[PDB]
Each structure stands twice: as structure tokens, then as C-alpha cells.
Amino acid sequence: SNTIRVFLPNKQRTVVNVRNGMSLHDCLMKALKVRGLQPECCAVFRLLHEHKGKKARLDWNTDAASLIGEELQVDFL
């Protein structure tokens, strides 16, 4: 399954499909738009399970296929 679960502001969440070639910004565009969120005003983090929920910041232009199976969190800047 080529999906990524993403925790969003205001205790919301979404699971998006990842198709090869898409950047992180691409896979999350619609989910952010329908919630009135703007990527330029947010930071996206990768949750590090092996280190007790520690967050690691990612670039919005990251290749999405490389994040399949990862759980992310979007916070406001």
C-alpha cells in the first residue's frame, strides 16, 4: 500500500495515496486545501518512532515515494 498518514493542525488527519513522481507537497495539496491550510505557512515533520515520537523536519519538495509508510505531522510556522 502506497500511503502516508498525516496528522494535521486542529487534531485532524488524512491518509493520502502516493504515486511515483509526486513530491510531498503534491500528495498533500488537496488535503490541505479543503481544510484551508497553506503549506508555505506550515512545516512538515517525519515522526521518529525509534526515538519516542521525536519529530524530524522535512522539505516540502521531498520525493513522496521515499516516505511511503512514514507517519507525518504538519504544524504551523
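Don't overthink the numbering: it's just position in the shown sequence, from 1.
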{"query": "54-62 versus 6-14 - greater average Cα B-factor per the deposited record", "finding": "54-62"}
{"query": "Chain-relative CA temperature factor third for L48", "finding": "highest"}
{"query": "CA B-factor placement of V34, once the chain's modelled residues are sorted into thirds", "finding": "middle"}
{"query": "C42, C-alpha B-factor rank within chain (lowest, middle or highest third)", "finding": "middle"}
